[PDB]
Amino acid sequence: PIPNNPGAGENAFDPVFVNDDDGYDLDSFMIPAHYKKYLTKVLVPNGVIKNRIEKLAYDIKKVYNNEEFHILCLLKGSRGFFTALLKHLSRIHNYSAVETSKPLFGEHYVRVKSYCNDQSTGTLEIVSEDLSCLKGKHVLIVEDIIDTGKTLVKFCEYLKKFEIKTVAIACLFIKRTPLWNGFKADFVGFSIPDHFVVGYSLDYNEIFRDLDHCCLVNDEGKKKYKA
């Protein structure tokens, strides 16, 4: 059935497991010249993230089938994930679509903020907006990464007040940090070591979002761009 136990990831499929020492030299891939000095290595190449997101879209389609749902994007680190997910979801649905078929999902955006440098501020800002349009709807939250779990634990709590029919979570990354609060997604791309990552829309004080690969910012980058 459709998932509806936010944070429990009751029937979640295992993600790709990135070992603690997995990764690649920056010289093995295309890296913007000026960013090189601020990264220690490539963790997950752009291409593998894209390939994995395609399977996630397949997993999602398999769970919702033809059931109309609404994708809620958690801006802005979620952009890379969201775009690729929508691309693949649409092709999968539309390729199998028949003349009597109907659209599969609606799309929504919510700006959520809590980080400063490489740490959560323990507080979450939610850019207010009437979410009444989601009342009685199946919503699929699309997020970039679960770290401490505060963003999702909090946002899901916030969502409750809108009488949404069902709440499921699609997340690109899940970090193996001792700070984790236990929040689990229903669809997860990769399980990654405890390092602050940038790239694929994920940033460090608004920097590195344009970096194609998921990389590890080094101490020099953290210091150079510290708030």
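So that there is no doubt, residue numbering starts at 1 and follows the sequence shown.
Trainee: Using the B-factors recorded in the PDB entry, average over the C-alpha atoms of 125-133 and of 67-75, then report which stretch comes out higher.
Mentor: Here the higher of the two C-alpha B-factor means belongs to 125-133.
Trainee: Which has higher Cα B-factors on average according to the PDB entry: 36-44 or 157-165?
Mentor: Result: 157-165.
Trainee: Among the modelled residues of its chain, does the C-alpha B-factor of residue 87 lie in the lowest, middle or highest third?
Mentor: For residue 87, whose C-alpha B-factor we compare with every modelled residue in the chain, the answer is the middle third.
Trainee: Check where residue 107 lands among this chain's C-alpha B-factors and tell me if it's the lowest, middle or highest third.
Mentor: It belongs to the middle third of the chain when residues are ordered by C-alpha B-factor.
Trainee: Give the position of residue 99 by CA B-factor within its chain, expressed as the lowest, middle or highest third.
Mentor: Its C-alpha B-factor belongs to the highest third of this chain's values.
Trainee: Hey, what third does residue 12 fall into on Cα B-factor, ranked over its chain?
Mentor: Highest third - that is where residue 12 ends up once the chain's C-alpha B-factors are sorted.
Trainee: If you rank the chain by CA B-factor, which third does residue 186 end up in: lowest, middle or highest?
Mentor: As the PDB entry reports it, the C-alpha B-factor of residue 186 lands in the middle third of its chain.
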